[PDB]
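Okay, so here's just one chain, in structure tokens, the form deposited in one PDB entry.
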């Protein structure tokens, strides 16, 4: 049943994985035609099951509470809208001409609309019935989102590596919104998995931190808009933000030392941080084996090490605060604010920034454009997910 559903998801996802990675990395010709045909079939079958579930459930005597956190649902709709805009540019590019290539955007739009509505209205639904059928359907939808994710990463790693009409605005706009589509796939997959296990079950502040964060929030805005090289202040600000975050988060852990449903929260928090760990690890290798000891190289190495340290210490601080000061209660409510404001800026740059991010120029010549682009496309969405999860967790700590 559950194992069968898992096996099904894995087996069908494995079939998509070889089709996506076999027809794109072969030598004779790029066979992406069957990739779109299978992807269209997956969403159409996934959408058909979803509407069937909606029709037959218009069952769930008890409702979950932590299954649908607002940050998860909000990101799904925000990236779901971006996926719809991406599909508009998808069809807008198709102003020429194969048939399944044109079909793919429309069926994708229908699937994302239906899936977003279904997840919004059934995020915390504890299905007590049709357990056998729904588990396969939920897992099939989970594999569908991961199949789109895998295809999107491969498609991005091919067009970006290899770099008619007004299409330029339609093409580049379409290719700019891919990370948002990948973000939607990651956001849809985690909530589908949350519902899959949720089947057949019944269950005052100081005036120094926020101002420091707000100026960092304001200065962080002034940095990435400036670039919309010969600049080293982007690294300087990021080091200061990460360095301050590392010390501030660590200090909060010291204060606690001086004086349930969380399992998924830690797993998502620690698991999503692996995306930045991997990027930093590749960055560290590229600077100790590649570029010499220069200003840019030293700045990149310090930025990667500070990213690792900040992720680790913020994670341990959030974990400790989740488990749990006459004058330090206001301080504790103040530490969370500085990190929360500093997490939003560290969310904006990777998400809304350009695909060839500034903070990676050595790992470009060290790993090549294609390999480094693939690594970034695989890992950075986990960084965005971690940023949102950390913002939500810091809001929870402030509430507590």
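Definition used throughout: the rigid core is the maximal C-alpha set that superposes within 1.5 Å between two forms. Numbering follows the first chain given and starts at 1.
Per the record, residue 163 and residue 164 are separated by 10 or more deposited residues that are missing from the model. The modelled chain breaks between residue 324 and residue 325, where 10 or more residues of the deposited sequence lack coordinates.
Not pictured, yet referred to below: the form deposited in another entry.
Just a single entry of 217, 282, 176, 235 exceeds or equals a 2 Å CA shift between this form and the one not shown, which is 176 (rigid core superposed). After superposing the rigid core, the C-alpha of residue 48 moves by less than 2 Å between this form and the one not shown. Look at residue 145 and residue 177: in the other entry their Cα atoms move 3 Å or more farther apart than in this form.
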